[PDB]
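Taken one at a time, structure 1 and structure 2 that follow are two forms of one protein chain, written as structure tokens.
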Structure 1
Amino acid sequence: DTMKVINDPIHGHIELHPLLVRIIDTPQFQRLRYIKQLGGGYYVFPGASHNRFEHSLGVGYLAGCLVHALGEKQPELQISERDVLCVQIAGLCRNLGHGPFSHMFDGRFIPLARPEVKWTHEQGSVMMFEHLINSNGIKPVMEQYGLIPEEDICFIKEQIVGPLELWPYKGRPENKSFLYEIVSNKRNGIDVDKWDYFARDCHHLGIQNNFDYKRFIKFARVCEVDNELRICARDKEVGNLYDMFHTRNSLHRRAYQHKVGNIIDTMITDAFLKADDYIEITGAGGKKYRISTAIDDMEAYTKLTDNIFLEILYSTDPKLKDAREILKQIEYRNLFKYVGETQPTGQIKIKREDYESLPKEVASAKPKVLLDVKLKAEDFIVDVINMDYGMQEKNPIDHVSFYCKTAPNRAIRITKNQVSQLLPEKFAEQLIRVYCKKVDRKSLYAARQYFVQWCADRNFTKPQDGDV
């Protein structure tokens, strides 16, 4: 078992320690080859064929790059080879919980199929990591390379999902606090997962990446902030950090929240819902699970991938007919039709647990002029989109710490005022898109009148008339 070299188009030739190779070469990790990073966005950007697997390799690589760079510049942090391997493992494994079509699964499908459950891809990642470790004999291999599984499994999970409920972490003590800001940074959102997907998604989408993670790594240092060691950026680089969140927002606008990519995601979700009683996934002890229950057994979840779409598409069973017909309509490009768009006024946000009530509100609106067609709640889709800098209404740069060239061990803060008067004054907004499943010209005309009336009833922004 020696170092393996892998050639990635984004990062070039990456070295994998043999413990990481042992983790990668398992059913639970290889599964990520069959889950598209961008889900339905491939049906809009034909270059966006990339899967979660290759992204995970990239995240693991970058996690290793940052921890190594901090260790080389600051030997006093006493970063050990054990620490480095743990950080790489967490980076590699933080996408293990994603389901079919990535964000479609946790963002659209599970909230509709299992409204009572509180599922996140992060919790899924921890559950899947645990299942990976336990099914493949990884603990004794960890010991063989000097990891202490009791402490180090806890550390890896904590880096993925946060404190597993004073210093709240158990995997490492406070003097290694900075290690928890690499893989998933809950304090300000600056972490290696974004860095990989900015570069990788851009390469495949055909949009150029404008953030330079390498530069950020070169300038990162650890300093003491309120009696905790934290990753700090150079003061001068504050503008690049505002630009990094601007880039994320751009990618959301152009690609991840594309109105057609989103309706494709919605149609796939509607097909899974219609198929859910009939697709069977075998889990532990030969028990049978459904698409919506596979999250309750990691053996079954291991086998839940984008394949489910083609299982439905290629089915012949008449019980799957309605589900299959939705997917067939995607192939013919007979999509549910865009009716229009609005925004809430102020800092008003429609919360997730109101999502399912919105189609009935639109259908119950009492429009402008009398109508020939009457539409019902189930004829409307109402897609609520949050665009923000990753910290709800907050400016994430208020939660970054900086150092100056003349005192590189002294952390400081920088306010927005001190940076630039051309920056945004708000950091979150919401867009509401409405679509109609009835596509004839009379239904669509009526759907538009319901929509515009609803906007007026809710005091939302007056829709642009756009087309018509």
Structure 2
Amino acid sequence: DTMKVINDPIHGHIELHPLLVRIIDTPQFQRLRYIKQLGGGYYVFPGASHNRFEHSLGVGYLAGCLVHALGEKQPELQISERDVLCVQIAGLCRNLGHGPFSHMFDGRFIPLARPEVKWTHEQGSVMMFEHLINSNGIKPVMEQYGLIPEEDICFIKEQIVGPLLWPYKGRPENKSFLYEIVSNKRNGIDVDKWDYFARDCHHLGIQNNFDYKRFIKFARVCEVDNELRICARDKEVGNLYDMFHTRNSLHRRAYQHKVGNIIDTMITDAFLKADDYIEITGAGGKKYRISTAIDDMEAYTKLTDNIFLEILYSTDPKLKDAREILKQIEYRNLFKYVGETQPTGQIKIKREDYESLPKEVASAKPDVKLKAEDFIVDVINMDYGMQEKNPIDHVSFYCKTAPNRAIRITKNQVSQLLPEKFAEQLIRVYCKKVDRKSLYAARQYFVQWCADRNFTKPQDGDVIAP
């Protein structure tokens, strides 16, 4: 067997090695056809119909482009076809762990439904990957193409989730750079972002300001602190700052859209009210809940955006409350956006504090009185992907005149117009009562609360609260 070719609108005609095809053609992978990339975003941006599946193809492709580019430019690195395939597999599979409506699931639902657990989609991707390989007889196929499953499966997992002194077992320090491609734990510059920037922009109605292809052409491996790392050409540092600007633009405009988020929130609410009643059969016929399906991959395999429609179309009276919420989404009786503010302090509102926030807004004393249950307060952390840190400080560069010498480039060396801060918090407030009287009041509470807390004046404060 040789290559399948797939026409992707973002990347064009992509060639896939038969081993990759084998992996793709499984229930575990094809599942991703039923999970929207942007979850509730589709309910705001009608072009955002794309699912995780096509995004995963893009990531595997780009991973392969980068590893190949490096091997061609730098034969001395001894990159093998085995390495290439392992990297591509990791790129293809890093999204395997996503649940219904993507980041809604691990960002909102699981934290509320299982506050005791620490779960991320990455962990899910690793478990789902195991289940995919084991269930479908992929290990012998891997061997048939020269992979060594013990080492390589560990390598692939490590590329997705990080380690399970050099903390990695799958490859040695002299292949360290291979771990920088798919999910770059040092600085977040990886092929996953490059695909989603291009793909989301295409579907969204926007065009990305950073070119992934250019970055691949200027990438080189250099020694950095006794590690072989991928470095970028010095010239490119402005582009990297642009990259994270784009990322942040995309968060502002789409991923954290005020209405997209409230729809994600309403879905989450509905999943919570349904969690006790929906049964998902896992291994050996054992029954799981939406919140526990993450403990068994056979059950998880069946957990997709379909759960939304299962609730919407149900007749069971136990689900009436969950069903009503989803019905309100369809009529567009959503909760109403009241305003946004930020903390002025460097200390951030912590996850445990979130719950108390509606009570606080209702407490504020500026026709109708409003209760805490009437308000929704959404805390959004916006940053450059590494909390307070500047990821560019964690990038190595090289100059044209000395390609092998890795260097750091500080923010002040690039521009004084860059951010002084790399992380912030936005508080959005919504009201569940939608009549004009309730809204006007909600506005008053909000502005008063912002003044009480010493938060930033909402942009429309003069108008909504004179």
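Rigid core: the largest C-alpha set superposing within 1.5 Å between the two forms. All residue numbers here refer to structure 1's sequence, counted from 1.
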query: Split into two rigid parts between structure 1 and structure 2, does the chain put residue 350 together with residue 249?
result: no
field: Domain reorientation between structure 1 and structure 2, expressed as the smaller rigid part's turn in degrees
entry: 13
query: Once both forms share the same rigid core frame, by what distance in Å has the CA of residue 279 shifted between structure 1 and structure 2?
result: 1.1
message: I need the CA movement of residue 92 between structure 1 and structure 2 once the rigid core is aligned, reported in Å.
response: 0.2
